[PDB]
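Following: one structure in structure tokens, then a few remarks.
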Amino acid sequence: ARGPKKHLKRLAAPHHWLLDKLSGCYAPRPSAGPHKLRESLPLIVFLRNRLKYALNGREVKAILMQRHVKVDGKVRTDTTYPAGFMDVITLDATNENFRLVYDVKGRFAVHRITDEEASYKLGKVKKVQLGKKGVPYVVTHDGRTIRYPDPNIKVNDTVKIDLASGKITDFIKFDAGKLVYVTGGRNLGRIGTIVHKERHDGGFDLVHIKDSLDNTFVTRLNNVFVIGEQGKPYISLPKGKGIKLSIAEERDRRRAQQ
Amino acid sequence: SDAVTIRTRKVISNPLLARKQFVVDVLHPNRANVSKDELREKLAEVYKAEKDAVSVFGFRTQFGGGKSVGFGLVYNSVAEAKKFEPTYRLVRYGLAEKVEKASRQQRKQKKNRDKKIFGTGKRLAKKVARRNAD
Amino acid sequence: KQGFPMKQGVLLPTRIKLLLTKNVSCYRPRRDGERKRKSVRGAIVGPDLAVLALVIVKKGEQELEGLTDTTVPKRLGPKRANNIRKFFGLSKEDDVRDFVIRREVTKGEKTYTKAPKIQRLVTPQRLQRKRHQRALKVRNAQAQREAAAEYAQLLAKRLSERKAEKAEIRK
Amino acid sequence: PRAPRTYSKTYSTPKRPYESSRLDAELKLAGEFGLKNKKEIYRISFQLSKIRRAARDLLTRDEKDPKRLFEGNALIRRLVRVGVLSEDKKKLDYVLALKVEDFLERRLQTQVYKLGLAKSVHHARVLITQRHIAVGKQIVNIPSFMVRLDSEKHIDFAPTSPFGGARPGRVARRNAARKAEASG
RNA sequence: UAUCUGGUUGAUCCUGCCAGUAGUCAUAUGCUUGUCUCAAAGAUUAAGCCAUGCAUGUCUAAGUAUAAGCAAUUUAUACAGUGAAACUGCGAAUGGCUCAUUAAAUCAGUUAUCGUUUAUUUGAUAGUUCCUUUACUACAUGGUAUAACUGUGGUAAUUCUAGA
RNA sequence: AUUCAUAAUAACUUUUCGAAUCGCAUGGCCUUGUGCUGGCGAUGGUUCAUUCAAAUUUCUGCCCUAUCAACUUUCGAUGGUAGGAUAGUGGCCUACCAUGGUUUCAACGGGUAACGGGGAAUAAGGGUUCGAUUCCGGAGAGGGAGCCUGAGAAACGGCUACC
Ligand SMILES: [Mg+2]
Ligand SMILES: [Mg+2]
Ligand SMILES: [Mg+2]
Ligand SMILES: [Mg+2]
Ligand SMILES: [Mg+2]
Ligand SMILES: [Mg+2]
Ligand SMILES: [Mg+2]
Ligand SMILES: [Mg+2]
Ligand SMILES: [Mg+2]
Ligand SMILES: [Mg+2]
Ligand SMILES: [Mg+2]
Ligand SMILES: [Mg+2]
Ligand SMILES: [Mg+2]
Ligand SMILES: [Mg+2]
Ligand SMILES: [Mg+2]
């Protein structure tokens, strides 16, 4: 109404932030950035609610204004800077590195990666199009535009970004039998080794996916993120590796140790 | 006092704010309400840094008494504790003094009076006095 | 009377009402794009004027007590580099750094001149800024040329592979 | 603008206001368990009613239903945990026919009574209310506490109270000072 | 917790309604009111009318300071410390309130923009502009007004303003 | 799926943009001249992408009324051609042209003590009643209309006129 909104009430923020409904009227509205508002960590939730490295929103500002936190190798002093899937967070103190990946329950999980694994990232290409002066470029899922890509790169593929220069190191093609990571939908946070996809000319592609335990499920194409060949992936998968155990089997595992 | 047996749980190191965060767990049988001023001293000795770099808050006494659980922070030095701690808690321990200030309504009305004046206002002061003669 | 000012050359010595805008006298806006309707009194002089504003352009022979005997100095001196130059008309190379009008102030027994500044003056720092911006355009253009050449070399090589690929095809 | 605080009522009034049978059985329960109101009986009936509402929906489902297996075991576990459900009856069919006062058997004052310590059910309520009973190392002054068959053996007097030691009491202290001035 | 009872008859079985009965994040009202937690709250009638006071302003190392501001830096004769005012840049189109209008209208789910605008954020991205382009030319950088400010003032009054 | 992305040719423009801006660090090279190079940032800027949005838009779905059965098309109703306007599509508006469109499967008109949903109360099952109001979308700033600034307002703790 009359212009863009700037406040985000609680009970209206995305449910995967895990914000307690009481203790506050508002929620951190993610700023404009590489990732959608609906799928965004931004650091205030990450620093305080996930890592417990702050007690308030004031201490988060104190941490960020001293250039400790950085996203993709850049300081990102903004307190509500939207951090999305596959973003790499580096903290100079504690010598810790992070990669934003979804837990099997559909939530962003705290994942600690080594220094070497923080030297790259994967991005799902969204469109391959010619720029001005006939310069082709690829647009990844985090808004990164990379000029002069490989001619064999097509949409729905995954490229590897150096994160020191925006150059592409290697790319994974979208073919049957590739290890994929489900990003969005009821099957969010699952890893499933594509078997085949349905064409459905007109829109809303469908792909059939079955994980290691031979559980098959179907999700829309735009929710699929290829993360390498079957078996060894190109990133360190979080604990559980996206299995989606049933509730009956889950409690027995919780009852195994107590 | 008598079997104070201060315990700190869930201790985590936070060099980003240059401190340590832990949950203070205090047992005070036959006694009540361990009175943080004493809590800071014993907490300071355990981490042996100083008293001025130690702050505590929370400490809701359990039902029936005999126990109290709160929060505590231990900084690396006074410089960190004097730059990250809130002003309201620094004045609790005497490390800072509560600056004198008028009421909220007094400042609001004073600010609105300024809005009615364009420029510094020295020129109208002499002009008002000159017109006050006649 | 009632203080309504006299707008420059309008009409009609009777007071009127106008819609006043930016860069228009008798109105100081309090908002961006705000316009207000105020009463302004006409330019023609009438018998309802409480005061007049007069300016002397030529001096006669009789001496005024407080207009010719006494004089007041300009409060501020020039600040821009060429405004310093235009003040004295020296040259474009006479190092205007030391031609600054200074005003001593005595709060106590200590005095200081506090010469304001020379804006738009040539500084070695400014030459560095021009040097960097000029040099950056050279490297940025060259980098794209190198990147474009590498893409063309890769594109031509792949086509050569396709040329030999279909050569084996169709017997 | 803030998330509303969820609340619910925990009792159900009977449909008929006056009948001899219910007005007798309910008062028999209150007298034999030392309860202040009829609302303390309506509360158990309401709580049991929701238990048999879920157990009927589970039984009408197919055997080895993944929902029934998860929910049926969880429902039985809670009743077994607090002692309402015996160990020999875990079929989810004895849940539907447990009783009204099986829950009243596991309340604090009844169980405080059962392990001596009150020598009357009404003496247990005042002892609990007056901050004398500690379930663990913690004082519980709620007469309806529903011990969970593990804190059953840990019911004991509060250390920071008379009958546990460390002080004679309030009126005992005043009484003792009376003979002190009387002796002199 | 898938339940009914009293009332037409001298008495009976029905139709049938009246009455009773239980609940209400449905209000109001009456009598009464010891404790802890939690909590709606000028919606219904009048989107009727409002005294008063607040609710939108904002700075860094990094736009413009000779405050004829404050103090001593003393590394400084141009400034370089803090900093009123004002110019500039942003924001004021968010939030908060209310439910009068509104019956394929709004709205809910579901679609499209191969039919468009988009400050801000993030990622890329101007060697080509001495114009008769060999003296036209400042490119170690080119002009103007004005606010703040000094002083003269007008009206009873306004976040009014004029002349210098 | 395209007259798409993109490139090329011929011109056009009264002409946009293509850094006369700021802070900190002061380092290298000599024919040591205030000579030539040289870092980390801030602000700004053309185009594309991206994000925050907006506008329009497809299908299905709303309470009571026939003591509302025909309604719409003077001067816009339904559609075509062309143009103007708009950020764009479109009777959005204009000129010419055709007589079209909706309706007992309830149009149209009247009523609502009607903002719409997510929901609330009571219920064996099926339902009935309610939803101004903690969230989402809409509308308004006493009733109307008009408009400046701006990316975004028909803005009212902005302006203008009438009542
Ligand atoms: Mg609003
Ligand atoms: Mg925000
Ligand atoms: Mg009869
Ligand atoms: Mg009779
Ligand atoms: Mg009735
Ligand atoms: Mg109403
Ligand atoms: Mg940009
Ligand atoms: Mg047309
Ligand atoms: Mg037409
Ligand atoms: Mg209404
Ligand atoms: Mg609302
Ligand atoms: Mg409005
Ligand atoms: Mg009103
Ligand atoms: Mg208006
Ligand atoms: Mg108001």
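As shown in the structure tokens, the chain order sets the letters A, B, ...; within each chain, residues go from 1, and ligands are also counted from 1 in the order they appear.
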Extract, using only C-alpha atoms (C1' of nucleotides), all DNA, RNA and protein residues at most 9 Å from residue B:36, discarding same-chain residues fewer than 2 positions from it, and format them as a PyMOL selection string.
chain B and resi 33-34+38-41+55-57+59
Using N, CA, C and O atoms, can you export the residues from the last selection as a PDB file, in the first residue's frame?
ATOM      1  N   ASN B  33      19.221 -15.656  48.516  1.00  0.00           N
ATOM      2  CA  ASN B  33      19.380 -14.480  47.665  1.00  0.00           C
ATOM      3  C   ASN B  33      20.803 -13.913  47.751  1.00  0.00           C
ATOM      4  O   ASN B  33      21.068 -12.866  48.345  1.00  0.00           O
ATOM      5  N   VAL B  34      21.716 -14.656  47.126  1.00  0.00           N
ATOM      6  CA  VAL B  34      23.165 -14.573  47.300  1.00  0.00           C
ATOM      7  C   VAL B  34      23.732 -13.189  46.961  1.00  0.00           C
ATOM      8  O   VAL B  34      24.939 -12.957  47.096  1.00  0.00           O
ATOM      9  N   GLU B  38      28.261  -9.955  46.147  1.00  0.00           N
ATOM     10  CA  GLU B  38      29.123 -11.041  46.600  1.00  0.00           C
ATOM     11  C   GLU B  38      29.376 -12.037  45.478  1.00  0.00           C
ATOM     12  O   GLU B  38      30.468 -12.608  45.379  1.00  0.00           O
ATOM     13  N   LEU B  39      28.376 -12.256  44.622  1.00  0.00           N
ATOM     14  CA  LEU B  39      28.506 -13.224  43.538  1.00  0.00           C
ATOM     15  C   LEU B  39      29.629 -12.842  42.586  1.00  0.00           C
ATOM     16  O   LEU B  39      30.379 -13.707  42.121  1.00  0.00           O
ATOM     17  N   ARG B  40      29.757 -11.549  42.278  1.00  0.00           N
ATOM     18  CA  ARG B  40      30.779 -11.107  41.335  1.00  0.00           C
ATOM     19  C   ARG B  40      32.181 -11.391  41.858  1.00  0.00           C
ATOM     20  O   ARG B  40      33.063 -11.798  41.095  1.00  0.00           O
ATOM     21  N   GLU B  41      32.408 -11.177  43.156  1.00  0.00           N
ATOM     22  CA  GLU B  41      33.741 -11.372  43.717  1.00  0.00           C
ATOM     23  C   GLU B  41      34.178 -12.829  43.616  1.00  0.00           C
ATOM     24  O   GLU B  41      35.270 -13.128  43.120  1.00  0.00           O
ATOM     25  N   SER B  55      30.283  -9.506  35.204  1.00  0.00           N
ATOM     26  CA  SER B  55      28.926  -9.011  35.385  1.00  0.00           C
ATOM     27  C   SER B  55      27.964 -10.186  35.450  1.00  0.00           C
ATOM     28  O   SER B  55      28.185 -11.222  34.818  1.00  0.00           O
ATOM     29  N   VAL B  56      26.892 -10.017  36.222  1.00  0.00           N
ATOM     30  CA  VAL B  56      25.901 -11.066  36.426  1.00  0.00           C
ATOM     31  C   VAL B  56      24.502 -10.463  36.374  1.00  0.00           C
ATOM     32  O   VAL B  56      24.295  -9.293  36.710  1.00  0.00           O
ATOM     33  N   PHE B  57      23.538 -11.278  35.947  1.00  0.00           N
ATOM     34  CA  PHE B  57      22.147 -10.859  35.843  1.00  0.00           C
ATOM     35  C   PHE B  57      21.266 -12.099  35.766  1.00  0.00           C
ATOM     36  O   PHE B  57      21.746 -13.207  35.514  1.00  0.00           O
ATOM     37  N   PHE B  59      19.057 -14.630  37.791  1.00  0.00           N
ATOM     38  CA  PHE B  59      19.017 -15.086  39.182  1.00  0.00           C
ATOM     39  C   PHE B  59      17.599 -15.019  39.760  1.00  0.00           C
ATOM     40  O   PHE B  59      17.311 -14.297  40.715  1.00  0.00           O
TER      41      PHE B  59
END
What residues in chain F lie within 6 Å of chain A, counting only C-alpha atoms (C1' of nucleotides), written as a VMD selection string?
chain F and resid 5 to 6 50 to 53 152 to 153
Atoms kept (C-alpha atoms (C1' of nucleotides)) for selection, written as a PDB file, in the first residue's frame:
ATOM      1  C1'   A F   5      17.905 -12.337 -26.280  1.00  0.00           C
ATOM      2  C1'   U F   6      21.692 -10.376 -29.401  1.00  0.00           C
ATOM      3  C1'   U F  50      18.901  -9.921  -8.748  1.00  0.00           C
ATOM      4  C1'   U F  51      16.035  -8.663  -4.287  1.00  0.00           C
ATOM      5  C1'   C F  52      12.225  -5.629  -1.747  1.00  0.00           C
ATOM      6  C1'   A F  53       7.724  -4.550  -4.275  1.00  0.00           C
ATOM      7  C1'   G F 152       6.738   4.696  -4.692  1.00  0.00           C
ATOM      8  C1'   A F 153       0.932   8.951  -2.555  1.00  0.00           C
TER       9        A F 153
END
Leaving out residue C:44 and any residue of its chain fewer than 6 positions from it, which residues lie within 12 Å of it when counting only C-alpha atoms (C1' of nucleotides), given as a list in words?
residues 5, 6, 7, 8, 9, 10, 11, 12, 13, 14, 15 and 52 of chain C
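What separates atom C1' of residue F:162 from atom CA of residue C:4 is a distance of 26.4 Å.
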Just need the residues of chain E within 12 Å of chain A, counting only C-alpha atoms (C1' of nucleotides), so spit them out as a PyMOL selection string.
chain E and resi 93-95+111-112+118-126
List every residue of stretch 15-149 of chain A that DSSP, applied to the backbone of this structure, assigns to alpha helix (DSSP H), and report them as a compact mmCIF listing (two decimals) with N, CA, C and O atoms, in the first residue's frame.
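Contents of the output file states-v9.txt:
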# COMPACT_ATOMS: atom_id res chain seq x y z
N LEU A 43 21.68 -12.66 9.42
CA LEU A 43 22.67 -12.93 10.46
C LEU A 43 22.15 -12.75 11.88
O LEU A 43 22.59 -13.47 12.79
N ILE A 44 21.24 -11.80 12.11
CA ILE A 44 20.75 -11.58 13.47
C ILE A 44 20.11 -12.84 14.02
O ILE A 44 20.27 -13.17 15.20
N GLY A 57 19.82 -7.83 20.12
CA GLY A 57 20.12 -7.28 18.82
C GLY A 57 21.16 -6.19 18.84
O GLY A 57 21.69 -5.84 17.78
N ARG A 58 21.45 -5.65 20.02
CA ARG A 58 22.51 -4.65 20.16
C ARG A 58 23.89 -5.28 20.09
O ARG A 58 24.81 -4.71 19.49
N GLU A 59 24.06 -6.46 20.70
CA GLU A 59 25.35 -7.14 20.63
C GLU A 59 25.64 -7.65 19.23
O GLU A 59 26.81 -7.74 18.84
N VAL A 60 24.60 -7.98 18.47
CA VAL A 60 24.80 -8.37 17.07
C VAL A 60 25.38 -7.20 16.28
O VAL A 60 26.29 -7.38 15.46
N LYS A 61 24.87 -5.99 16.53
CA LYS A 61 25.42 -4.81 15.86
C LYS A 61 26.86 -4.56 16.28
O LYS A 61 27.68 -4.13 15.47
N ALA A 62 27.18 -4.82 17.55
CA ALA A 62 28.55 -4.64 18.02
C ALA A 62 29.50 -5.60 17.33
O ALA A 62 30.63 -5.23 16.97
N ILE A 63 29.07 -6.85 17.13
CA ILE A 63 29.92 -7.83 16.47
C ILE A 63 30.14 -7.45 15.01
O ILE A 63 31.27 -7.51 14.49
N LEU A 64 29.07 -7.05 14.32
CA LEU A 64 29.16 -6.82 12.88
C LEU A 64 29.94 -5.55 12.56
O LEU A 64 30.67 -5.50 11.56
